[PDB]
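Quick notes on the structure that follows.
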Amino acid sequence: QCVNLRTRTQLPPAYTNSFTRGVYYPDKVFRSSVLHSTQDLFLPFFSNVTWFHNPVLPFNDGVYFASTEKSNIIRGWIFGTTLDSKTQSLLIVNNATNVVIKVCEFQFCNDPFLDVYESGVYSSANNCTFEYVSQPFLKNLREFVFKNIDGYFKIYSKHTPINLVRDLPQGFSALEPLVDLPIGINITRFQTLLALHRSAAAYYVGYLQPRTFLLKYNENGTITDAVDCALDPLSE
Amino acid sequence: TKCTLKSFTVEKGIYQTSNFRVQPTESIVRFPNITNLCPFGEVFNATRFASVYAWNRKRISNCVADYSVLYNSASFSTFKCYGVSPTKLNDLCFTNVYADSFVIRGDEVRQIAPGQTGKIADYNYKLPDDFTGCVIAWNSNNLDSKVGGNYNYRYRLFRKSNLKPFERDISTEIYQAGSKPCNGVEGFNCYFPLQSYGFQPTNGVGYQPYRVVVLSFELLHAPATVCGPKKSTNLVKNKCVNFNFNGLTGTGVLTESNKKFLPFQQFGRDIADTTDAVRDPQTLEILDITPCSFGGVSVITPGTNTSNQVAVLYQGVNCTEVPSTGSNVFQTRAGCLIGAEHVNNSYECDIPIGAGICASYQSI
Ligand SMILES: *[C@@H]1O[C@H](CO)[C@@H](O[C@@H]2O[C@H](CO)[C@@H](O)[C@H](O)[C@H]2NC(C)=O)[C@H](O)[C@H]1NC(C)=O
Ligand SMILES: *[C@@H]1O[C@H](CO)[C@@H](O[C@@H]2O[C@H](CO)[C@@H](O)[C@H](O)[C@H]2NC(C)=O)[C@H](O)[C@H]1NC(C)=O
Ligand SMILES: *[C@@H]1O[C@H](CO)[C@@H](O[C@@H]2O[C@H](CO)[C@@H](O)[C@H](O)[C@H]2NC(C)=O)[C@H](O)[C@H]1NC(C)=O
Ligand SMILES: *[C@@H]1O[C@H](CO)[C@@H](O[C@@H]2O[C@H](CO)[C@@H](O)[C@H](O)[C@H]2NC(C)=O)[C@H](O)[C@H]1NC(C)=O
Ligand SMILES: *[C@@H]1O[C@H](CO)[C@@H](O[C@@H]2O[C@H](CO)[C@@H](O)[C@H](O)[C@H]2NC(C)=O)[C@H](O)[C@H]1NC(C)=O
Ligand SMILES: *[C@@H]1O[C@H](CO)[C@@H](O)[C@H](O)[C@H]1NC(C)=O
Ligand SMILES: *[C@@H]1O[C@H](CO)[C@@H](O)[C@H](O)[C@H]1NC(C)=O
Ligand SMILES: *[C@@H]1O[C@H](CO)[C@@H](O)[C@H](O)[C@H]1NC(C)=O
Ligand SMILES: *[C@@H]1O[C@H](CO)[C@@H](O)[C@H](O)[C@H]1NC(C)=O
Ligand SMILES: *[C@@H]1O[C@H](CO)[C@@H](O)[C@H](O)[C@H]1NC(C)=O
């Protein structure tokens with residue numbers, strides 16, 4: 001049921017500034033009105049993030065995903081190493097009612113997409129291991145952070161009402177932890193899933209690196225400001 | 001005081017002898033409501049069980065299963081656990097469980113065991129010698145056996161090779177015992193490997209059908225998922241006790257706190273990375289932890305020559321848990337004092353105590 005489209009989806013790979021986005025709560029510890037320095041994986045401040053207007057991209061240590069979403073065009077994500085039935089593959093789909101997560105040796109087509117008139121992008125579902133169902137994730141700004149360490153897959157999410165024209169806004173907002181998976185996979189590449197109807201979506205991608213940050217906790221325990229210690233000497 | 005000073009005479013003054021602390025009373029634990037029970041009811045109470053050579057395989061992972069109810073149940077004829085003892089199975093657990101359910105004869109229950117050989121143990125199902133898990137067998141004569149002949153059940157009888165551990169064979173190939181080829185038709189040296197079971201309600205002990213479920217436990221590097229719930233007791237407040245809140249162990253007194261945890265934190269620390277607040281997994285409320293009182297003690301004496309009675313000062317301790325009666329007990333900014341009476345006059349300071357007050361001998 002899966003066929004390759006004619007026109008090439010050569011979305012322009014532009015570049016833009018990261019500014020001060022990509023900060024998440026490192027743990028579930030409550031702190032009130034205190035400055036804490038922690039070393040972990042973060043997106044460096046004022047970095048260079050890639051803008052797409054869908055080639056397979058390497059996963060590396062962690063991935064920061066940003067979407068100027070309108071009417072929920074992006075629908076799912078694919079994670080794996082060989083992207084076939086020879087290795088376990090992780091599939092996430094946020095359909096109209098719920099979110100479904102599967103860990104199976106699927107057989108994906110060359111150009112998988114949701115198809116509208118649920119899941120048909122895979123020809124086979126062999127040796128399924130883990131299944132999960134939860135509430136749906138989604139002119140809105142959707143921010144996600146995906147990490148995979150020591151057999152644990154961590155997903156952080158944030159939703160924002162935005163009205164800016166083109167690029168990321170100049171602001172600060174922490175990413176609360178959303179989903180944890182106790183499944184051991186060595187994902188190296190990932191993919192995006194589109195709700196394309198047979199008859200232009202843009203997003204931002206950034207990578208993570210290990211570094212030290214200084215976080216400020218207010219009275220109520222919400223992160224309100226952060227400082228990167230590897231930046232200009234004033235920051236150090 | 002004499003032992004500390006290492007002398008038989010003591011001059012007037014205040015001396016620091018030892019320390020004091022409040023011992024814990026009891027131990028409490030707290031764990032969440034523990035839900036999502038494993039669906040073991042549909043397996044042990046299934047309407048029908050499959051054959052020995054077509055055993056049903058079920059995967060158990062990511063749930064909670066109570067082994068006490070099945071261990072204490074008397075409906076199981078044989079309950080043999082090889083890897084671990086059944087009593088300790090409720091605590092220790094592995095990353096996944098595989099349930100293999102089938103029906104055999106009464107005499108074939110021993111064949112389904114590690115290091116066992118036989119017709120069933122070699123042609124229908126095989127168990128490894130180092131198998132870890134449990135086997136539960138119960139008589140099913142009243143249910144599986146048919147007066148008209150429960151011939152739906154079948155067992156393998158002939159195969160060229162044996163069976164590997166955890167291997168299921170459902171092939172219907174015509175076994176050729178001899179060297180005479182057969183074109184799919186049974187002959188002198190060709191017979192059907194499968195024989196139907198002839199269970200009857202009244203057939204004697206040994207020939208009755210027996211439903212057997214083997215739980216094989218595997219501990220792949222994935223974290224363990226399925227095992228018994230953690231027992232939790234009621235919390236005790238306003239007492240210096242030791243607690244084990246969801247694996248966090250700490251000794252102190254527990255009070256009600258007005259902190260406003262954001263809905264994803266569990267416990268909090270103020271500074272220097274020491275816990276001060278915690279949220280209980282059951283009630284979902286914020287509680288405060290305070291180390292129970294401790295401090296040094298001191299003795300005030302007017303000199304061994306002058307008199308023979310002394311007073312005792314506990315430093316930085318509220319006058320609520322002193323132990324022991326002596327005289328009237330006084331509460332001061334420096335702590336609590338036992339053995340002296342408070343007056344309203346004001347004289348020169350003889351034996352300094354603190355907070356602008358001191359004691360003297362007149363009694364003390
Ligand atoms: C969106 O996804 C949900 C989650 O899988 C679907 O709900 C399931 O629907 C099937 C068949 O309709 C049922 O057998 C399941 O029991 C449902 N699961 C839950 C948790 O309710 C839903 O059908 C999907 N919607 C569309 C339009 O594909
Ligand atoms: C189905 O998948 C599981 C896990 O995804 C496979 O289990 C493997 O078992 C071997 C044997 O010890 C281990 O070395 C591997 O680490 C396990 N995982 C993987 C991903 O290979 C299983 O072999 C697969 N096939 C089946 C059950 O037929
Ligand atoms: C921190 O929490 C306090 C208490 O929840 C907040 O104080 C309240 O703020 C609301 C506005 O959202 C007022 O309507 C209430 O009257 C305030 N109550 C009190 C007792 O002051 C405070 O706004 C929060 N601050 C932040 C930055 O989140
Ligand atoms: C854990 O289970 C207990 C037991 O039901 C829950 O306590 C109930 O709480 C509701 C709401 O406050 C009351 O209406 C019930 O009467 C309580 N049941 C009792 C006291 O037996 C508790 O809410 C649960 N905690 C969870 C699900 O987080
Ligand atoms: C020692 O503990 C007692 C018991 O709480 C304290 O007495 C309380 O003091 C507060 C402060 O005014 C009052 O509001 C309470 O009514 C008192 N309770 C009782 C039962 O009397 C006492 O203050 C503590 N001592 C010190 C030095 O703090
Ligand atoms: C980001 O990368 C692009 C191309 O890789 C480059 O032209 C641009 O100058 C970079 N921006 C920086 C380094 O701030
Ligand atoms: C992933 O592949 C690497 C490659 O060496 C291997 O070391 C690791 O064990 C693999 N992990 C999983 C979960 O397959
Ligand atoms: C099996 O028998 C009946 C079925 O309703 C039930 O009362 C009993 O508790 C069940 N046993 C288990 C272990 O689920
Ligand atoms: C105790 O002190 C008095 C004077 O204060 C002295 O006369 C007496 O001898 C002393 N007794 C002793 C040291 O045993
Ligand atoms: C004197 O001492 C008593 C008890 O020692 C006390 O109740 C009283 O307030 C003090 N002052 C006066 C003026 O009586």
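Each chain in the structure tokens gets a letter, A, B, ..., in the order shown, and its residues are numbered from 1; ligands are numbered from 1 in order too.
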
- Near residue 188 (chain A), counting only C-alpha atoms, which residues have an atom at most 6 Å away, once you skip same-chain residues fewer than 5 positions from it, shown as an NGL selection string? :A and (58-59 or 81)

Written file, previous selection with N, CA, C and O atoms, as a PDB file, in the first residue's frame:
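See part.pdb below for the written result:
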```
ATOM      1  N   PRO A  58      21.126  11.176  11.428  1.00  0.00           N
ATOM      2  CA  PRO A  58      21.715  10.444  12.554  1.00  0.00           C
ATOM      3  C   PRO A  58      21.162  10.925  13.886  1.00  0.00           C
ATOM      4  O   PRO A  58      20.790  12.090  14.048  1.00  0.00           O
ATOM      5  N   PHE A  59      21.109  10.004  14.850  1.00  0.00           N
ATOM      6  CA  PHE A  59      20.544  10.324  16.158  1.00  0.00           C
ATOM      7  C   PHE A  59      21.590  10.906  17.102  1.00  0.00           C
ATOM      8  O   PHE A  59      21.313  11.883  17.806  1.00  0.00           O
ATOM      9  N   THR A  81      18.302   1.447  13.737  1.00  0.00           N
ATOM     10  CA  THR A  81      19.667   1.438  13.227  1.00  0.00           C
ATOM     11  C   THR A  81      19.723   0.992  11.772  1.00  0.00           C
ATOM     12  O   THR A  81      20.255   1.711  10.922  1.00  0.00           O
TER      13      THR A  81
END
```

- Message: Applying 10 Å and only C-alpha atoms, which residues near region 166-170 of chain A remain after dropping the ones on its own chain fewer than 3 positions away? List them as a PyMOL selection string.
- Response: chain A and resi 16-21+51+66-68+141+162-163+203-204

- Query: What residues in chain B have any atom no more than 9 Å from chain A when counting only C-alpha atoms, and can you write them as JSON, numbers by chain?
  - Reply: {"B": [221, 222, 223, 259, 260, 261, 262, 264, 265, 266, 267, 268, 269, 270, 271, 277]}

- Find the residues near region 7-16 of chain B: any atom within 6 Å, counting only C-alpha atoms, skip ones fewer than 2 places away on the same chain, and give them as a ChimeraX atom specification. /B:2,5,298-304,351

- Message: Need the shell around residue 195 (chain B): protein/DNA/RNA residues with any atom at most 7 Å away, counting only C-alpha atoms. Skip same-chain ones fewer than 3 positions apart. Format as a PyMOL selection string?
- Response: chain B and resi 154-157

- Task: Show which residues sit within 9 Å of region 224-233 of chain A, as a ChimeraX atom specification. Count only C-alpha atoms, and ignore same-chain residues fewer than 4 positions away.
- Result: /A:20,23,44-45,172-174,211-218

What are the closest atom pairs, with distances in Å to one decimal, for all residues of region 186-264 of chain B lying within 10 Å of region 91-114 of chain B? Consider only C-alpha atoms, order rows by chain and residue number, and present the result as a tab-separated table.
```
residue	atom	partner	partner_atom	distance
B:197	CA	B:105	CA	8.9
B:199	CA	B:105	CA	8.6
B:204	CA	B:106	CA	9.8
B:205	CA	B:106	CA	7.2
B:206	CA	B:106	CA	4.2
B:207	CA	B:106	CA	5.6
B:208	CA	B:106	CA	5.7
B:209	CA	B:105	CA	4.9
B:210	CA	B:104	CA	5.4
B:211	CA	B:103	CA	4.5
B:212	CA	B:102	CA	5.5
B:213	CA	B:101	CA	4.3
B:214	CA	B:100	CA	5.1
B:215	CA	B:99	CA	4.6
B:216	CA	B:98	CA	5.2
B:217	CA	B:97	CA	4.6
B:218	CA	B:96	CA	5.4
B:219	CA	B:94	CA	4.7
B:220	CA	B:95	CA	6.2
B:221	CA	B:95	CA	7.7
B:222	CA	B:95	CA	6.0
B:223	CA	B:95	CA	5.5
B:224	CA	B:95	CA	3.6
B:225	CA	B:95	CA	5.3
B:226	CA	B:93	CA	6.5
B:227	CA	B:93	CA	5.4
B:228	CA	B:91	CA	6.2
B:229	CA	B:91	CA	8.3
B:230	CA	B:91	CA	8.3
```

Would you mind exporting the chosen residues as a CSV table (one decimal), in the first residue's frame, restricted to N, CA, C and O atoms?
```csv
chain,number,residue,atom,x,y,z
B,197,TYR,N,-5.6,-38.7,22.5
B,197,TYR,CA,-5.7,-39.1,23.9
B,197,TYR,C,-7.1,-39.7,24.1
B,197,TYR,O,-8.1,-39.3,23.6
B,199,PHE,N,-8.7,-40.1,27.2
B,199,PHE,CA,-9.1,-39.9,28.6
B,199,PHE,C,-10.6,-40.2,28.8
B,199,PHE,O,-11.4,-39.9,28.0
B,204,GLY,N,-9.0,-44.5,36.4
B,204,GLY,CA,-8.0,-44.9,37.4
B,204,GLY,C,-7.0,-43.7,37.5
B,204,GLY,O,-6.9,-42.8,36.8
B,205,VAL,N,-6.2,-43.9,38.6
B,205,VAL,CA,-5.1,-42.9,38.9
B,205,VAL,C,-3.9,-43.1,38.0
B,205,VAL,O,-3.4,-44.2,37.8
B,206,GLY,N,-3.5,-42.0,37.3
B,206,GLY,CA,-2.4,-42.1,36.4
B,206,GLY,C,-2.9,-41.8,34.9
B,206,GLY,O,-2.1,-41.2,34.2
B,207,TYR,N,-4.0,-42.4,34.6
B,207,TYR,CA,-4.6,-42.1,33.2
B,207,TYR,C,-5.4,-40.9,33.1
B,207,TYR,O,-5.8,-40.5,32.0
B,208,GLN,N,-5.7,-40.2,34.3
B,208,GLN,CA,-6.5,-39.0,34.2
B,208,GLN,C,-5.7,-37.9,33.6
B,208,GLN,O,-4.5,-37.8,33.8
B,209,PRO,N,-6.4,-37.0,32.9
B,209,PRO,CA,-5.7,-35.8,32.3
B,209,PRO,C,-5.2,-34.9,33.4
B,209,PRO,O,-5.8,-34.7,34.4
B,210,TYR,N,-4.1,-34.2,33.1
B,210,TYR,CA,-3.5,-33.2,34.0
B,210,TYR,C,-3.1,-32.0,33.2
B,210,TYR,O,-2.4,-32.1,32.2
B,211,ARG,N,-3.6,-30.8,33.7
B,211,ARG,CA,-3.2,-29.6,33.1
B,211,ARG,C,-1.9,-29.1,33.7
B,211,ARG,O,-1.8,-29.0,35.0
B,212,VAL,N,-0.9,-28.8,32.9
B,212,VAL,CA,0.4,-28.4,33.4
B,212,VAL,C,0.8,-27.0,32.8
B,212,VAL,O,0.7,-26.9,31.6
B,213,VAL,N,1.2,-26.1,33.6
B,213,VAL,CA,1.7,-24.8,33.2
B,213,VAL,C,3.1,-24.6,33.8
B,213,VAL,O,3.3,-24.7,35.0
B,214,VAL,N,4.0,-24.3,32.9
B,214,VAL,CA,5.4,-24.1,33.2
B,214,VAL,C,5.7,-22.7,33.1
B,214,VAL,O,5.6,-22.1,31.9
B,215,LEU,N,6.2,-22.0,34.1
B,215,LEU,CA,6.6,-20.6,34.1
B,215,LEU,C,8.1,-20.6,34.1
B,215,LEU,O,8.8,-21.0,35.0
B,216,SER,N,8.7,-20.2,32.9
B,216,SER,CA,10.1,-20.1,32.7
B,216,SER,C,10.5,-18.6,32.8
B,216,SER,O,9.9,-17.8,32.1
B,217,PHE,N,11.4,-18.3,33.7
B,217,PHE,CA,11.8,-16.9,34.0
B,217,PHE,C,13.1,-16.6,33.3
B,217,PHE,O,14.1,-17.4,33.3
B,218,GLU,N,13.2,-15.5,32.6
B,218,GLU,CA,14.3,-15.0,31.9
B,218,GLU,C,14.8,-13.6,32.4
B,218,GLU,O,13.9,-12.8,32.6
B,219,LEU,N,16.1,-13.4,32.5
B,219,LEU,CA,16.7,-12.2,33.1
B,219,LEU,C,17.6,-11.6,32.1
B,219,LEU,O,18.8,-11.3,32.4
B,220,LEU,N,17.1,-11.4,30.9
B,220,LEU,CA,17.9,-10.6,29.9
B,220,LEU,C,18.2,-9.2,30.5
B,220,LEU,O,17.6,-8.7,31.4
B,221,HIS,N,19.2,-8.5,29.9
B,221,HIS,CA,19.8,-7.3,30.5
B,221,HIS,C,18.7,-6.2,30.6
B,221,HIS,O,19.0,-5.2,31.2
B,222,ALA,N,17.5,-6.4,30.1
B,222,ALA,CA,16.4,-5.4,30.4
B,222,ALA,C,16.0,-5.5,31.8
B,222,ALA,O,16.2,-6.6,32.5
B,223,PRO,N,15.6,-4.4,32.4
B,223,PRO,CA,15.2,-4.4,33.8
B,223,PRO,C,14.0,-5.3,34.1
B,223,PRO,O,13.2,-5.6,33.3
B,224,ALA,N,14.0,-5.9,35.3
B,224,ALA,CA,12.9,-6.8,35.7
B,224,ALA,C,11.6,-6.0,35.8
B,224,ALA,O,11.6,-4.8,36.2
B,225,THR,N,10.5,-6.7,35.4
B,225,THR,CA,9.2,-6.1,35.3
B,225,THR,C,8.2,-6.7,36.2
B,225,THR,O,7.3,-6.0,36.7
B,226,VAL,N,8.1,-8.0,36.3
B,226,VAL,CA,7.0,-8.7,36.9
B,226,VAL,C,7.4,-9.4,38.1
B,226,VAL,O,8.3,-10.3,38.1
B,227,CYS,N,6.8,-9.0,39.3
B,227,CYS,CA,7.0,-9.7,40.5
B,227,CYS,C,6.1,-9.0,41.6
B,227,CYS,O,5.4,-8.1,41.2
B,228,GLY,N,6.1,-9.6,42.8
B,228,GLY,CA,5.1,-9.2,43.8
B,228,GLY,C,5.1,-7.8,44.2
B,228,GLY,O,6.2,-7.1,44.2
B,229,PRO,N,4.0,-7.3,44.7
B,229,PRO,CA,3.9,-5.9,45.2
B,229,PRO,C,4.7,-5.7,46.5
B,229,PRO,O,4.9,-6.7,47.2
B,230,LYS,N,5.1,-4.5,46.7
B,230,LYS,CA,5.8,-4.1,48.0
B,230,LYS,C,4.8,-3.8,49.1
B,230,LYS,O,3.9,-3.0,48.9
```

- Neighbour list for residue 316 (chain B) as a list in words, cut-off 8 Å, only C-alpha atoms, skip fewer than 4 positions in-chain: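 That gives residues 295, 333, 334, 335 and 336 of chain B.
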
Dump of C-alpha atoms for the selected residues, as a PDB file, in the first residue's frame:
```
ATOM      1  CA  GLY B 295      23.138  17.706  71.724  1.00  0.00           C
ATOM      2  CA  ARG B 333      17.593  29.921  75.584  1.00  0.00           C
ATOM      3  CA  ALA B 334      20.622  27.630  75.988  1.00  0.00           C
ATOM      4  CA  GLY B 335      18.491  24.506  76.475  1.00  0.00           C
ATOM      5  CA  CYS B 336      16.983  22.795  79.511  1.00  0.00           C
TER       6      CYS B 336
END
```

- Message: Could you pull out the helix (DSSP H, G or I) residues of region 63-132 of chain B, going by DSSP on the backbone, and write them as a VMD selection string?
- Response: chain B and resid 67 to 72 87 to 90 119 to 123

Which neighbours of residue 39 (chain B) fall inside 9 Å, counting only C-alpha atoms, when residues of the same chain fewer than 4 positions from it are skipped, and could you give them as a PDB file with N, CA, C and O atoms, in the first residue's frame?
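Result file out39.pdb:
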```pdb
ATOM      1  N   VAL B  43      -5.187 -17.597  32.414  1.00  0.00           N
ATOM      2  CA  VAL B  43      -4.311 -18.726  32.117  1.00  0.00           C
ATOM      3  C   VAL B  43      -4.612 -19.913  33.021  1.00  0.00           C
ATOM      4  O   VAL B  43      -4.809 -21.035  32.547  1.00  0.00           O
ATOM      5  N   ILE B  60       4.671 -12.747  29.771  1.00  0.00           N
ATOM      6  CA  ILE B  60       4.315 -11.945  30.932  1.00  0.00           C
ATOM      7  C   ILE B  60       5.437 -10.946  31.171  1.00  0.00           C
ATOM      8  O   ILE B  60       6.587 -11.339  31.419  1.00  0.00           O
ATOM      9  N   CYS B  63       3.938  -5.894  34.478  1.00  0.00           N
ATOM     10  CA  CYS B  63       2.763  -5.922  35.342  1.00  0.00           C
ATOM     11  C   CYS B  63       3.195  -6.451  36.704  1.00  0.00           C
ATOM     12  O   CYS B  63       4.371  -6.741  36.936  1.00  0.00           O
ATOM     13  N   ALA B  65       2.314  -9.370  39.702  1.00  0.00           N
ATOM     14  CA  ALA B  65       1.685 -10.661  39.936  1.00  0.00           C
ATOM     15  C   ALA B  65       1.943 -11.094  41.370  1.00  0.00           C
ATOM     16  O   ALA B  65       3.086 -11.058  41.836  1.00  0.00           O
TER      17      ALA B  65
END
```
